[PDB]
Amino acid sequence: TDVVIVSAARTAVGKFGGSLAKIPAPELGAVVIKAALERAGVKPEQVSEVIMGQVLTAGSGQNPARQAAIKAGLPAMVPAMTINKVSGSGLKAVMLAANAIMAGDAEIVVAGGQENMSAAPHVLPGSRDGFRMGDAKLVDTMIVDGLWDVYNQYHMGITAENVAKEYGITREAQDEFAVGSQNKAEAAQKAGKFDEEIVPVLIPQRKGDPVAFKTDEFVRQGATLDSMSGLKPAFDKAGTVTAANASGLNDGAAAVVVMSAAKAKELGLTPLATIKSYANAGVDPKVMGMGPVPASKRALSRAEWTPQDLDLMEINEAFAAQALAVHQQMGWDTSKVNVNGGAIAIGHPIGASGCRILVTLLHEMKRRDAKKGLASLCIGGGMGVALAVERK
């Protein structure tokens, strides 16, 4: 059975401490679930399942994906499930949706991701035992759960250095990559290219009515090489990775409605694309940034496509260091990658990004009539995911 995507919706991506900071992640997920459904013309009643990625879940309450489904107005009869494959989560949700539809387990699935990194708490390990003597640590959940390698006991940014070193990716190269990502995002914003895919979030106000948030507020206007060349390295003093050549910490959500090609025809719906293939993959945690290479290669082998056959790709930009090594290793046309900018510019709400970049992908494929697309992301812990789509 051929699996299609019938709609795609994302929030604008908030800055850290920004416009979405007080909006809990399942409330962001609800916005995009409700809007994905409306745009597909599928009633809440008709949904078989909701699957939402969310990484940072400490104190979020039972099953955040169910919370989003219910806030979106889906009835209690529709089950939901939360998933955590770190940055891969939002796209892995769509892979799971596809698996379920192919197996006959589900007919229509809303899949996506949600994340509020701003609101992530601190945790007190051992709080039940107490601390008989000496200092104790309050651990940052966003770092430990989101940004810290279990196996090597260091920041993701160190894996980015490992990659830079291994693959010979210079500071200059990474900064040039980052300015390209900012400049492209800026040009796309101003050209109106994000207008269709963005769904507004109504922010409550102390006094008067709520005000819509609907612009990617992390995008740096007028960015220049020389605004990046001067920063010091963030993770190692002799390093190459900075705040400007890595993605941000951000808030946001993204969803897609998926169903069999046969169900779409029955409902009279025109799909956006057909899911062609997808794959996961694993690599050493030390170089997790390289995840997208084996995953993209596997997705492409499954599709019977080469990297040259692709018209458009969205490869998540966790760090310019890894994004560049990935391009080098894949050999594909970088002029067709992240054509509207990437995470360095737009931001990276971890559990959501996987579906965010697919939403952007789908909208640009239609705009330029591209037929073959792929979305891929690296995953902390040493993994990758990739999903290929086709219009025709």
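Position 1 is the first residue in the sequence shown; the rest follow in order.
| Stretch with the higher entry mean CA B-factor, where the candidates are 201-209 and 170-178 | 201-209 has the higher mean C-alpha B-factor.
| query | Mean C-alpha B factor from the entry: is it higher for 123-131 or for 69-77? | reply | The stretch with the larger average C-alpha B-factor is 123-131.
| Which is it among 289, 88, 230, 113: the one with the largest CA B-factor in the entry? | The record points to 230.
| message | Out of 137, 276, 92, 297, whose C-alpha atom has the biggest B factor in the entry? | response | Highest C-alpha B-factor among the listed residues goes to 137.
| query | Once the chain's modelled residues are ordered by C-alpha B factor and cut into thirds, is residue 373 in the lowest, middle or highest one? | reply | For residue 373, the deposited C-alpha B-factor lands in the lowest third.
| task | Would you mind ranking residue 366 by its C-alpha B-factor against the rest of the chain and naming the third, lowest, middle or highest? | result | It falls in the middle third of the chain.
| Looking at the C-alpha B-factor of residue 105, is it in the lowest, middle or highest third of its chain? | Middle third of the chain for residue 105's C-alpha B-factor.
| Which third of the chain holds residue 61 when residues are ordered by C-alpha B factor: lowest, middle or highest? | Top third by C-alpha B-factor.
| query | Against its chain's modelled residues, does residue 263's Cα B factor rank lowest, middle or highest third? | reply | Middle third.
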